[PDB]
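Raw contents of target08.pdb, PDB, C-alpha atoms and all ligand atoms:
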```
ATOM      1  CA  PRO J   1       0.120  27.792  30.101  1.00  0.00           C
ATOM      2  CA  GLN J   2       3.244  26.418  31.734  1.00  0.00           C
ATOM      3  CA  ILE J   3       2.491  24.408  34.860  1.00  0.00           C
ATOM      4  CA  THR J   4       5.283  23.745  37.332  1.00  0.00           C
ATOM      5  CA  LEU J   5       5.140  20.790  39.714  1.00  0.00           C
ATOM      6  CA  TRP J   6       5.884  22.231  43.152  1.00  0.00           C
ATOM      7  CA  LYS J   7       2.182  21.639  43.947  1.00  0.00           C
ATOM      8  CA  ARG J   8      -0.313  19.131  42.522  1.00  0.00           C
ATOM      9  CA  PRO J   9      -1.296  20.150  38.948  1.00  0.00           C
ATOM     10  CA  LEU J  10      -4.960  20.614  39.812  1.00  0.00           C
ATOM     11  CA  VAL J  11      -7.141  22.407  37.282  1.00  0.00           C
ATOM     12  CA  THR J  12     -10.789  23.144  36.763  1.00  0.00           C
ATOM     13  CA  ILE J  13     -12.672  20.937  34.304  1.00  0.00           C
ATOM     14  CA  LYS J  14     -16.227  21.316  33.008  1.00  0.00           C
ATOM     15  CA  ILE J  15     -18.327  18.261  32.233  1.00  0.00           C
ATOM     16  CA  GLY J  16     -22.126  18.070  31.994  1.00  0.00           C
ATOM     17  CA  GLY J  17     -22.356  21.825  32.652  1.00  0.00           C
ATOM     18  CA  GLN J  18     -20.638  21.446  36.041  1.00  0.00           C
ATOM     19  CA  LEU J  19     -17.208  22.431  37.290  1.00  0.00           C
ATOM     20  CA  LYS J  20     -14.918  19.897  38.985  1.00  0.00           C
ATOM     21  CA  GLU J  21     -11.283  19.879  40.129  1.00  0.00           C
ATOM     22  CA  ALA J  22      -9.006  17.346  38.404  1.00  0.00           C
ATOM     23  CA  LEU J  23      -5.354  16.273  38.386  1.00  0.00           C
ATOM     24  CA  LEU J  24      -3.250  16.456  35.200  1.00  0.00           C
ATOM     25  CA  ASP J  25      -1.589  13.051  35.254  1.00  0.00           C
ATOM     26  CA  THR J  26       1.015  12.093  32.651  1.00  0.00           C
ATOM     27  CA  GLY J  27       1.289   8.617  34.281  1.00  0.00           C
ATOM     28  CA  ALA J  28      -2.340   7.799  33.472  1.00  0.00           C
ATOM     29  CA  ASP J  29      -3.217   6.292  30.091  1.00  0.00           C
ATOM     30  CA  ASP J  30      -6.858   7.178  30.638  1.00  0.00           C
ATOM     31  CA  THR J  31      -9.074   9.785  32.235  1.00  0.00           C
ATOM     32  CA  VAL J  32     -10.880   8.557  35.341  1.00  0.00           C
ATOM     33  CA  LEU J  33     -13.457  10.583  37.271  1.00  0.00           C
ATOM     34  CA  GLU J  34     -15.026   9.997  40.676  1.00  0.00           C
ATOM     35  CA  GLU J  35     -18.566   8.530  40.744  1.00  0.00           C
ATOM     36  CA  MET J  36     -20.979  10.642  38.781  1.00  0.00           C
ATOM     37  CA  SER J  37     -23.695  10.287  36.184  1.00  0.00           C
ATOM     38  CA  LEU J  38     -23.099  10.574  32.448  1.00  0.00           C
ATOM     39  CA  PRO J  39     -25.491  10.104  29.540  1.00  0.00           C
ATOM     40  CA  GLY J  40     -25.475   7.282  27.006  1.00  0.00           C
ATOM     41  CA  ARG J  41     -24.300   3.717  27.002  1.00  0.00           C
ATOM     42  CA  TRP J  42     -21.258   2.476  28.886  1.00  0.00           C
ATOM     43  CA  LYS J  43     -18.941  -0.523  28.664  1.00  0.00           C
ATOM     44  CA  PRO J  44     -16.887  -2.244  31.375  1.00  0.00           C
ATOM     45  CA  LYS J  45     -13.158  -1.740  31.920  1.00  0.00           C
ATOM     46  CA  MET J  46     -10.639  -2.816  34.536  1.00  0.00           C
ATOM     47  CA  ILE J  47      -7.724  -0.429  35.059  1.00  0.00           C
ATOM     48  CA  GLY J  48      -4.579  -0.546  37.237  1.00  0.00           C
ATOM     49  CA  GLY J  49      -3.189   2.089  39.589  1.00  0.00           C
ATOM     50  CA  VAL J  50      -0.386   2.212  42.144  1.00  0.00           C
ATOM     51  CA  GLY J  51      -2.541   0.241  44.645  1.00  0.00           C
ATOM     52  CA  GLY J  52      -4.068  -2.418  42.345  1.00  0.00           C
ATOM     53  CA  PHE J  53      -7.032  -2.704  39.987  1.00  0.00           C
ATOM     54  CA  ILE J  54     -10.450  -1.030  39.900  1.00  0.00           C
ATOM     55  CA  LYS J  55     -13.599  -1.593  37.854  1.00  0.00           C
ATOM     56  CA  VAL J  56     -14.834   1.455  35.962  1.00  0.00           C
ATOM     57  CA  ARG J  57     -17.594   2.434  33.536  1.00  0.00           C
ATOM     58  CA  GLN J  58     -16.373   3.575  30.113  1.00  0.00           C
ATOM     59  CA  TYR J  59     -18.233   6.399  28.369  1.00  0.00           C
ATOM     60  CA  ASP J  60     -17.110   7.419  24.868  1.00  0.00           C
ATOM     61  CA  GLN J  61     -17.203  10.741  22.991  1.00  0.00           C
ATOM     62  CA  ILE J  62     -17.879  12.866  26.077  1.00  0.00           C
ATOM     63  CA  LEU J  63     -17.514  16.664  25.934  1.00  0.00           C
ATOM     64  CA  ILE J  64     -15.108  17.888  28.604  1.00  0.00           C
ATOM     65  CA  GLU J  65     -13.318  21.207  29.017  1.00  0.00           C
ATOM     66  CA  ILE J  66      -9.900  21.115  30.700  1.00  0.00           C
ATOM     67  CA  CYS J  67      -8.416  24.454  31.815  1.00  0.00           C
ATOM     68  CA  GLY J  68     -10.711  26.087  29.216  1.00  0.00           C
ATOM     69  CA  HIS J  69      -9.538  23.757  26.417  1.00  0.00           C
ATOM     70  CA  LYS J  70     -12.305  21.717  24.744  1.00  0.00           C
ATOM     71  CA  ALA J  71     -11.874  17.954  24.367  1.00  0.00           C
ATOM     72  CA  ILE J  72     -14.229  15.179  23.289  1.00  0.00           C
ATOM     73  CA  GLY J  73     -13.218  11.682  24.277  1.00  0.00           C
ATOM     74  CA  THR J  74     -13.363   8.697  26.550  1.00  0.00           C
ATOM     75  CA  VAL J  75     -14.112   9.220  30.246  1.00  0.00           C
ATOM     76  CA  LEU J  76     -13.960   6.377  32.787  1.00  0.00           C
ATOM     77  CA  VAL J  77     -16.032   6.604  35.979  1.00  0.00           C
ATOM     78  CA  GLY J  78     -15.295   4.676  39.195  1.00  0.00           C
ATOM     79  CA  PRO J  79     -13.672   4.562  42.658  1.00  0.00           C
ATOM     80  CA  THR J  80     -10.668   6.751  42.013  1.00  0.00           C
ATOM     81  CA  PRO J  81      -9.381   8.912  44.930  1.00  0.00           C
ATOM     82  CA  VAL J  82      -9.305  12.091  42.757  1.00  0.00           C
ATOM     83  CA  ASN J  83     -10.493  13.112  39.297  1.00  0.00           C
ATOM     84  CA  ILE J  84      -7.621  12.249  36.944  1.00  0.00           C
ATOM     85  CA  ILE J  85      -6.994  13.647  33.437  1.00  0.00           C
ATOM     86  CA  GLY J  86      -4.857  11.121  31.572  1.00  0.00           C
ATOM     87  CA  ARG J  87      -2.968  11.050  28.296  1.00  0.00           C
ATOM     88  CA  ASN J  88      -6.018  10.406  26.111  1.00  0.00           C
ATOM     89  CA  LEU J  89      -7.221  13.951  26.875  1.00  0.00           C
ATOM     90  CA  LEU J  90      -3.844  15.573  27.609  1.00  0.00           C
ATOM     91  CA  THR J  91      -2.922  14.909  23.966  1.00  0.00           C
ATOM     92  CA  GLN J  92      -6.227  16.491  22.826  1.00  0.00           C
ATOM     93  CA  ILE J  93      -5.317  19.758  24.529  1.00  0.00           C
ATOM     94  CA  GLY J  94      -1.718  19.736  23.205  1.00  0.00           C
ATOM     95  CA  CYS J  95       0.071  18.950  26.463  1.00  0.00           C
ATOM     96  CA  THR J  96       3.767  18.095  26.562  1.00  0.00           C
ATOM     97  CA  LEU J  97       6.415  17.554  29.248  1.00  0.00           C
ATOM     98  CA  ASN J  98       9.452  19.846  29.026  1.00  0.00           C
ATOM     99  CA  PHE J  99      12.812  20.037  30.782  1.00  0.00           C
TER     100      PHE J  99
ATOM    101  CA  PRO B   1      13.646  17.517  25.801  1.00  0.00           C
ATOM    102  CA  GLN B   2      10.030  18.052  24.761  1.00  0.00           C
ATOM    103  CA  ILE B   3       8.194  14.805  25.468  1.00  0.00           C
ATOM    104  CA  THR B   4       4.831  14.210  23.811  1.00  0.00           C
ATOM    105  CA  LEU B   5       2.109  12.075  25.387  1.00  0.00           C
ATOM    106  CA  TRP B   6       1.029   9.805  22.521  1.00  0.00           C
ATOM    107  CA  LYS B   7       2.687   6.968  24.495  1.00  0.00           C
ATOM    108  CA  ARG B   8       3.689   6.495  28.157  1.00  0.00           C
ATOM    109  CA  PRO B   9       6.521   8.918  29.017  1.00  0.00           C
ATOM    110  CA  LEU B  10       9.109   6.319  29.972  1.00  0.00           C
ATOM    111  CA  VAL B  11      12.724   7.373  30.490  1.00  0.00           C
ATOM    112  CA  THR B  12      15.983   5.913  31.735  1.00  0.00           C
ATOM    113  CA  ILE B  13      17.002   6.630  35.307  1.00  0.00           C
ATOM    114  CA  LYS B  14      20.223   5.880  37.183  1.00  0.00           C
ATOM    115  CA  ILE B  15      19.891   5.007  40.871  1.00  0.00           C
ATOM    116  CA  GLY B  16      21.861   2.898  43.357  1.00  0.00           C
ATOM    117  CA  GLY B  17      24.307   1.954  40.600  1.00  0.00           C
ATOM    118  CA  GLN B  18      21.491   0.607  38.393  1.00  0.00           C
ATOM    119  CA  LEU B  19      19.889   1.701  35.105  1.00  0.00           C
ATOM    120  CA  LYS B  20      16.079   1.425  35.104  1.00  0.00           C
ATOM    121  CA  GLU B  21      13.020   2.455  33.062  1.00  0.00           C
ATOM    122  CA  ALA B  22      10.616   4.794  34.864  1.00  0.00           C
ATOM    123  CA  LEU B  23       7.386   6.682  34.155  1.00  0.00           C
ATOM    124  CA  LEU B  24       7.326  10.507  34.395  1.00  0.00           C
ATOM    125  CA  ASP B  25       4.145  11.016  36.412  1.00  0.00           C
ATOM    126  CA  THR B  26       2.912  14.531  37.124  1.00  0.00           C
ATOM    127  CA  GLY B  27       0.021  13.041  39.117  1.00  0.00           C
ATOM    128  CA  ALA B  28       2.279  11.364  41.710  1.00  0.00           C
ATOM    129  CA  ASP B  29       3.393  13.340  44.783  1.00  0.00           C
ATOM    130  CA  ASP B  30       6.196  10.843  45.369  1.00  0.00           C
ATOM    131  CA  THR B  31       8.696   8.684  43.499  1.00  0.00           C
ATOM    132  CA  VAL B  32       8.049   4.968  43.940  1.00  0.00           C
ATOM    133  CA  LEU B  33      10.218   2.190  42.520  1.00  0.00           C
ATOM    134  CA  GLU B  34       9.763  -1.577  42.325  1.00  0.00           C
ATOM    135  CA  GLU B  35      11.637  -3.709  44.860  1.00  0.00           C
ATOM    136  CA  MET B  36      15.353  -2.961  45.016  1.00  0.00           C
ATOM    137  CA  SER B  37      18.114  -2.397  47.544  1.00  0.00           C
ATOM    138  CA  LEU B  38      19.086   1.132  48.546  1.00  0.00           C
ATOM    139  CA  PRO B  39      21.755   2.265  51.004  1.00  0.00           C
ATOM    140  CA  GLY B  40      21.111   3.898  54.373  1.00  0.00           C
ATOM    141  CA  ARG B  41      18.181   4.283  56.746  1.00  0.00           C
ATOM    142  CA  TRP B  42      14.531   3.756  55.834  1.00  0.00           C
ATOM    143  CA  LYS B  43      11.118   3.813  57.506  1.00  0.00           C
ATOM    144  CA  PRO B  44       7.741   2.328  56.534  1.00  0.00           C
ATOM    145  CA  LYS B  45       5.102   4.426  54.770  1.00  0.00           C
ATOM    146  CA  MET B  46       1.622   3.897  53.285  1.00  0.00           C
ATOM    147  CA  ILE B  47       0.905   5.601  49.988  1.00  0.00           C
ATOM    148  CA  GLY B  48      -2.483   5.651  48.312  1.00  0.00           C
ATOM    149  CA  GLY B  49      -3.640   6.097  44.755  1.00  0.00           C
ATOM    150  CA  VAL B  50      -5.899   4.371  42.245  1.00  0.00           C
ATOM    151  CA  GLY B  51      -6.606   0.877  43.576  1.00  0.00           C
ATOM    152  CA  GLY B  52      -5.883   1.900  47.134  1.00  0.00           C
ATOM    153  CA  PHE B  53      -2.829   1.867  49.388  1.00  0.00           C
ATOM    154  CA  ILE B  54       0.499   0.043  49.321  1.00  0.00           C
ATOM    155  CA  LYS B  55       3.143  -0.200  52.022  1.00  0.00           C
ATOM    156  CA  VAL B  56       6.568   1.019  50.932  1.00  0.00           C
ATOM    157  CA  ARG B  57      10.024   1.706  52.408  1.00  0.00           C
ATOM    158  CA  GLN B  58      10.958   5.399  52.507  1.00  0.00           C
ATOM    159  CA  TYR B  59      14.653   6.222  51.821  1.00  0.00           C
ATOM    160  CA  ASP B  60      15.639   9.866  52.147  1.00  0.00           C
ATOM    161  CA  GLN B  61      18.459  11.841  50.506  1.00  0.00           C
ATOM    162  CA  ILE B  62      18.982   9.445  47.587  1.00  0.00           C
ATOM    163  CA  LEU B  63      20.934  10.559  44.526  1.00  0.00           C
ATOM    164  CA  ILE B  64      19.270   9.936  41.176  1.00  0.00           C
ATOM    165  CA  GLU B  65      19.756  10.834  37.516  1.00  0.00           C
ATOM    166  CA  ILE B  66      16.627  11.191  35.397  1.00  0.00           C
ATOM    167  CA  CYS B  67      16.934  11.380  31.625  1.00  0.00           C
ATOM    168  CA  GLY B  68      20.452  12.838  32.117  1.00  0.00           C
ATOM    169  CA  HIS B  69      19.529  15.305  34.890  1.00  0.00           C
ATOM    170  CA  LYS B  70      20.889  14.970  38.460  1.00  0.00           C
ATOM    171  CA  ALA B  71      18.766  15.355  41.583  1.00  0.00           C
ATOM    172  CA  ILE B  72      18.453  14.201  45.180  1.00  0.00           C
ATOM    173  CA  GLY B  73      15.291  13.316  47.058  1.00  0.00           C
ATOM    174  CA  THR B  74      13.174  10.768  48.829  1.00  0.00           C
ATOM    175  CA  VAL B  75      12.664   7.483  46.982  1.00  0.00           C
ATOM    176  CA  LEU B  76       9.998   4.998  48.042  1.00  0.00           C
ATOM    177  CA  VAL B  77      10.402   1.281  47.279  1.00  0.00           C
ATOM    178  CA  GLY B  78       7.558  -1.237  47.170  1.00  0.00           C
ATOM    179  CA  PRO B  79       5.002  -3.195  45.116  1.00  0.00           C
ATOM    180  CA  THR B  80       4.238  -0.540  42.519  1.00  0.00           C
ATOM    181  CA  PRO B  81       3.298  -2.042  39.105  1.00  0.00           C
ATOM    182  CA  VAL B  82       5.755   0.309  37.327  1.00  0.00           C
ATOM    183  CA  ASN B  83       8.649   2.577  38.409  1.00  0.00           C
ATOM    184  CA  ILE B  84       7.208   6.067  38.883  1.00  0.00           C
ATOM    185  CA  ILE B  85       9.042   9.400  38.974  1.00  0.00           C
ATOM    186  CA  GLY B  86       6.866  11.799  40.985  1.00  0.00           C
ATOM    187  CA  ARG B  87       6.764  15.529  41.510  1.00  0.00           C
ATOM    188  CA  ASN B  88       9.324  15.500  44.307  1.00  0.00           C
ATOM    189  CA  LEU B  89      11.978  14.748  41.666  1.00  0.00           C
ATOM    190  CA  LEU B  90      10.320  16.204  38.558  1.00  0.00           C
ATOM    191  CA  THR B  91      10.609  19.682  40.041  1.00  0.00           C
ATOM    192  CA  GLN B  92      14.359  19.228  40.580  1.00  0.00           C
ATOM    193  CA  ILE B  93      15.033  18.464  36.921  1.00  0.00           C
ATOM    194  CA  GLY B  94      12.950  21.500  35.852  1.00  0.00           C
ATOM    195  CA  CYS B  95      10.073  19.463  34.409  1.00  0.00           C
ATOM    196  CA  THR B  96       6.921  21.386  33.454  1.00  0.00           C
ATOM    197  CA  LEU B  97       3.590  20.711  31.714  1.00  0.00           C
ATOM    198  CA  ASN B  98       2.938  22.924  28.711  1.00  0.00           C
ATOM    199  CA  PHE B  99      -0.074  23.558  26.514  1.00  0.00           C
TER     200      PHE B  99
HETATM  201  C1  LIG J 101      -5.669   6.036  36.694  1.00  0.00           C
HETATM  202  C2  LIG J 101      -4.423   5.368  37.224  1.00  0.00           C
HETATM  203  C3  LIG J 101      -3.276   6.376  37.311  1.00  0.00           C
HETATM  204  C4  LIG J 101      -1.944   5.787  37.807  1.00  0.00           C
HETATM  205  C5  LIG J 101      -1.414   4.704  36.863  1.00  0.00           C
HETATM  206  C6  LIG J 101      -0.137   4.008  37.338  1.00  0.00           C
HETATM  207  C7  LIG J 101       0.218   2.911  36.351  1.00  0.00           C
HETATM  208  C8  LIG J 101       0.864   3.246  35.162  1.00  0.00           C
HETATM  209  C9  LIG J 101       1.190   2.257  34.238  1.00  0.00           C
HETATM  210  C10 LIG J 101       0.883   0.926  34.507  1.00  0.00           C
HETATM  211  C11 LIG J 101       0.238   0.584  35.702  1.00  0.00           C
HETATM  212  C12 LIG J 101      -0.092   1.576  36.624  1.00  0.00           C
HETATM  213  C13 LIG J 101      -0.931   6.930  37.912  1.00  0.00           C
HETATM  214  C14 LIG J 101      -1.038   7.753  39.184  1.00  0.00           C
HETATM  215  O1  LIG J 101      -0.540   8.982  39.128  1.00  0.00           O
HETATM  216  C15 LIG J 101      -1.576   7.247  40.326  1.00  0.00           C
HETATM  217  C16 LIG J 101      -1.631   7.984  41.659  1.00  0.00           C
HETATM  218  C17 LIG J 101      -2.011   9.473  41.562  1.00  0.00           C
HETATM  219  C18 LIG J 101      -3.408   9.728  41.029  1.00  0.00           C
HETATM  220  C19 LIG J 101      -0.352   7.784  42.437  1.00  0.00           C
HETATM  221  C20 LIG J 101       0.839   7.397  41.815  1.00  0.00           C
HETATM  222  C21 LIG J 101       1.999   7.218  42.564  1.00  0.00           C
HETATM  223  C22 LIG J 101       1.987   7.424  43.938  1.00  0.00           C
HETATM  224  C23 LIG J 101       0.820   7.818  44.582  1.00  0.00           C
HETATM  225  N1  LIG J 101       0.828   8.016  45.936  1.00  0.00           N
HETATM  226  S1  LIG J 101       1.124   9.474  46.574  1.00  0.00           S
HETATM  227  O2  LIG J 101       1.150   9.346  48.020  1.00  0.00           O
HETATM  228  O3  LIG J 101       2.360   9.950  45.972  1.00  0.00           O
HETATM  229  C24 LIG J 101      -0.142  10.352  46.075  1.00  0.00           C
HETATM  230  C25 LIG J 101      -1.381  10.267  46.739  1.00  0.00           C
HETATM  231  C26 LIG J 101      -2.470  10.998  46.248  1.00  0.00           C
HETATM  232  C27 LIG J 101      -2.323  11.811  45.118  1.00  0.00           C
HETATM  233  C28 LIG J 101      -3.490  12.583  44.550  1.00  0.00           C
HETATM  234  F1  LIG J 101      -3.135  13.654  43.860  1.00  0.00           F
HETATM  235  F2  LIG J 101      -4.074  11.760  43.691  1.00  0.00           F
HETATM  236  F3  LIG J 101      -4.368  12.915  45.472  1.00  0.00           F
HETATM  237  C29 LIG J 101      -1.077  11.852  44.496  1.00  0.00           C
HETATM  238  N2  LIG J 101      -0.032  11.140  44.967  1.00  0.00           N
HETATM  239  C30 LIG J 101      -0.343   7.990  43.826  1.00  0.00           C
HETATM  240  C31 LIG J 101      -2.084   5.874  40.310  1.00  0.00           C
HETATM  241  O4  LIG J 101      -2.480   5.269  41.290  1.00  0.00           O
HETATM  242  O5  LIG J 101      -2.121   5.145  39.074  1.00  0.00           O
HETATM  243 CL    CL J 102     -10.249   9.344  24.066  1.00  0.00          CL
HETATM  244 CL    CL J 103      12.026  14.670  48.242  1.00  0.00          CL
END
```
Kindly return the structure encoded in the file as structure tokens.
Amino acid sequence: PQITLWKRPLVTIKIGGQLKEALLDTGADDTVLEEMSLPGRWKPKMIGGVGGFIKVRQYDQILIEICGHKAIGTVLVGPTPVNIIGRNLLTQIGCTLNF
Amino acid sequence: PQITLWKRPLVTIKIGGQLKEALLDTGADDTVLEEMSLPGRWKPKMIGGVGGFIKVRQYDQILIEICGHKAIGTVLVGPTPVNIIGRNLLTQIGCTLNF
């Protein structure tokens, strides 16, 4: 698709068999989801946003569908205000910026 | 151009007589720049994102050039960790997400 930016680029994602709404965010290195449970081991990470730093849990090699496009990669979980899809997964689905 | 997302989408902007590096951020409602002087009236604003809220100065009707494309819009100025071009200006330069 082509997504214009007059509204927030919110899309449906599927993770763990469940649908969620998430923001396509070209300013995010990483994908960060609101508190939830994921299987497997996790490792710690500190990430920065516009307001400062947050602690998150890093899960690797997680299956996640974004606008119907299948990705498998790193998902961070922590106190983000919205589910954010960052560049690590935007590149997996072939996303570019165009103007 | 067509900008891929393997690295942060940083571009050159021209604003208030200055050349700066800024991040094209489809996740940001607003454009927020690190501390700088801008002409005219301003009012305080709180903006929130990852890590919480920061207080910024809101300047309206500010001319800007982003990667060679002219626009006008609101520019916020405050303690953001990086200069961020948000949707309010990305729309004006015809920026879309494509996959
Ligand atoms: C996972 C962190 C993502 C990010 C990283 C910024 C960064 C980049 C390089 C180095 C250091 C830091 C980019 C980003 O879009 C935001 C948020 C949106 C999720 C953001 C950015 C800019 C302004 C705002 N405030 S706002 O009022 O314009 C606003 C508020 C809320 C939302 C919502 F969509 F997230 F709800 C979008 N915009 C928020 C942020 O807080 O940090
Ligand atoms: Cl990844
Ligand atoms: Cl505006």
What residues in chain J lie within 9 Å of chain B, counting only C-alpha atoms, written as a PDB file with C-alpha atoms, in the coordinates of the input?
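And here is the file that came out, result-v6.pdb:
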```pdb
ATOM      1  CA  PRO J   1       0.120  27.792  30.101  1.00  0.00           C
ATOM      2  CA  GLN J   2       3.244  26.418  31.734  1.00  0.00           C
ATOM      3  CA  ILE J   3       2.491  24.408  34.860  1.00  0.00           C
ATOM      4  CA  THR J   4       5.283  23.745  37.332  1.00  0.00           C
ATOM      5  CA  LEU J   5       5.140  20.790  39.714  1.00  0.00           C
ATOM      6  CA  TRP J   6       5.884  22.231  43.152  1.00  0.00           C
ATOM      7  CA  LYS J   7       2.182  21.639  43.947  1.00  0.00           C
ATOM      8  CA  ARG J   8      -0.313  19.131  42.522  1.00  0.00           C
ATOM      9  CA  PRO J   9      -1.296  20.150  38.948  1.00  0.00           C
ATOM     10  CA  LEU J  23      -5.354  16.273  38.386  1.00  0.00           C
ATOM     11  CA  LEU J  24      -3.250  16.456  35.200  1.00  0.00           C
ATOM     12  CA  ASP J  25      -1.589  13.051  35.254  1.00  0.00           C
ATOM     13  CA  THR J  26       1.015  12.093  32.651  1.00  0.00           C
ATOM     14  CA  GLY J  27       1.289   8.617  34.281  1.00  0.00           C
ATOM     15  CA  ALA J  28      -2.340   7.799  33.472  1.00  0.00           C
ATOM     16  CA  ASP J  29      -3.217   6.292  30.091  1.00  0.00           C
ATOM     17  CA  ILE J  47      -7.724  -0.429  35.059  1.00  0.00           C
ATOM     18  CA  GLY J  48      -4.579  -0.546  37.237  1.00  0.00           C
ATOM     19  CA  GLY J  49      -3.189   2.089  39.589  1.00  0.00           C
ATOM     20  CA  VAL J  50      -0.386   2.212  42.144  1.00  0.00           C
ATOM     21  CA  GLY J  51      -2.541   0.241  44.645  1.00  0.00           C
ATOM     22  CA  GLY J  52      -4.068  -2.418  42.345  1.00  0.00           C
ATOM     23  CA  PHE J  53      -7.032  -2.704  39.987  1.00  0.00           C
ATOM     24  CA  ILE J  54     -10.450  -1.030  39.900  1.00  0.00           C
ATOM     25  CA  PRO J  79     -13.672   4.562  42.658  1.00  0.00           C
ATOM     26  CA  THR J  80     -10.668   6.751  42.013  1.00  0.00           C
ATOM     27  CA  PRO J  81      -9.381   8.912  44.930  1.00  0.00           C
ATOM     28  CA  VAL J  82      -9.305  12.091  42.757  1.00  0.00           C
ATOM     29  CA  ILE J  84      -7.621  12.249  36.944  1.00  0.00           C
ATOM     30  CA  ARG J  87      -2.968  11.050  28.296  1.00  0.00           C
ATOM     31  CA  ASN J  88      -6.018  10.406  26.111  1.00  0.00           C
ATOM     32  CA  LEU J  90      -3.844  15.573  27.609  1.00  0.00           C
ATOM     33  CA  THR J  91      -2.922  14.909  23.966  1.00  0.00           C
ATOM     34  CA  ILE J  93      -5.317  19.758  24.529  1.00  0.00           C
ATOM     35  CA  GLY J  94      -1.718  19.736  23.205  1.00  0.00           C
ATOM     36  CA  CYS J  95       0.071  18.950  26.463  1.00  0.00           C
ATOM     37  CA  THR J  96       3.767  18.095  26.562  1.00  0.00           C
ATOM     38  CA  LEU J  97       6.415  17.554  29.248  1.00  0.00           C
ATOM     39  CA  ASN J  98       9.452  19.846  29.026  1.00  0.00           C
ATOM     40  CA  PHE J  99      12.812  20.037  30.782  1.00  0.00           C
TER      41      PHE J  99
END
```
Step by step, measure atom-to-atom distances between ligand CL 102 (chain J) and each residue using all atoms listed in the file, keep those at most 9 Å, then write them as an MDAnalysis selection string. chainID J and resid 30:31 60:62 71:75 87:89 92
Residue 16 in chain J environment, 8 Å, all atoms listed in the file, sequence neighbours closer than 2 positions dropped, as a list in words: residues 14, 18, 38, 63 and 64 of chain J
Between CA of residue 36 in chain J and CA of residue 22 in chain J, measure the distance and give it in Å to one decimal.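 Spanning CA of residue 36 in chain J to CA of residue 22 in chain J is a straight-line distance of 13.7 Å.
What separates CA of residue 34 in chain J from CA of residue 58 in chain J is a distance of 12.4 Å.
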For residue 66 in chain B: contacts at 7 Å, only C-alpha atoms, fewer than 4 positions along chain excluded, given as a list in words: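 With the cut-off at 7 Å, the set is residues 12, 13, 14 and 70 of chain B.
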Pick the closest to ligand CL 103 (chain J) from B:46, B:19, B:11, B:76: which is it, counting only C-alpha atoms and all ligand atoms?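 Comparing B:46, B:19, B:11, B:76 against ligand CL 103 (chain J), the winner is B:76.
Run against this file, the PyMOL selection byres (((chain B and resi 42) around 6) and not hetatm) gives back residues 41, 43, 58 and 59 of chain B.
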